[PDB]
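Below is one structure, written out as structure tokens, with a few remarks after it.
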Amino acid sequence: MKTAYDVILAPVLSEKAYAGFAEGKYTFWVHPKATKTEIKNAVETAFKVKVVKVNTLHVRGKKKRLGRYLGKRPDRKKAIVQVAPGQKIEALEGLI
């Protein structure tokens with residue numbers, strides 16, 4: 001199932017995200033490969049919503065290092081999915 005699997009795994013709840021969801025945009029944690037359009041299908045299968053715009057960017061651990069060698073900027077990607085008007089993914093809306 002190439003849905004929320006490899007592509008968009010779990011949602012990210014944060015000020016820049018919660019106050020962002022405000023418009024319907026949803027940032028997600030996803031593998032460094034889920035083609036932009038692929039992310040559209042990942043949430044469309046689980047969130048069963050309508051993706052009207054998906055913007056993803058590479059995300060690295062906060063200090064991308066944590067003390068001495070103990071992680072180092074890994075390879076993580078974030079995905080912001082927006083849905084048309086009238087829609088609203090409840091996966092992050094009730095995740096507060």
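Because the Cβ atoms are built from the backbone with ideal geometry, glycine has one as well, and the counts that use them run over all protein chains shown. Each reported figure results from applying straightforward, stated rules to the coordinates on display, with no laboratory input.
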>> Suppose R0 equals 22 Å. What FRET efficiency, 1/(1 + (r/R0)^6) with r the Cβ-Cβ distance, do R76 and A22 give to the nearest 0.05?
In response: 0.35
>> Given contacts defined as C-alpha pairs under 8 Å and at least six residues apart, what's the relative contact order of the chain, whole-number percent?
In response: 34
> Excluding same-chain residues fewer than 8 positions from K64, which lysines have a Cα within less than 25 Å of its Cα?
Replying inline: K16, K33, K36, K72, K77, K78
>> Just want the ordering: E93, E15, from fewest to most Cβ atoms lying within 10 Å of their own Cβ.
In response: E15, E93
> Taking only Cα atoms, what is the 0 to 90° angle, nearest 10, from helix 36-46's long axis to the longest principal axis of the chain?
Replying inline: 70
> What is the extension gain from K33 to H58, computed as 0.36 nm multiplied by their sequence separation minus the C-alpha to C-alpha distance, in nm to one decimal?
Replying inline: 8.0 nm
> Taking 0.36 nm per intervening residue step and subtracting the Cα-Cα distance, what contour gain separates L13 from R65 on full extension?
Replying inline: 16.5 nm
> In deg cm²/dmol, rounded to 500, what helix-only [θ] at 222 nm does the chain give when every DSSP H run of at least 4 residues adds -39500 (n - 2.57) and the total is split over its residues?
Replying inline: -6000 deg cm²/dmol
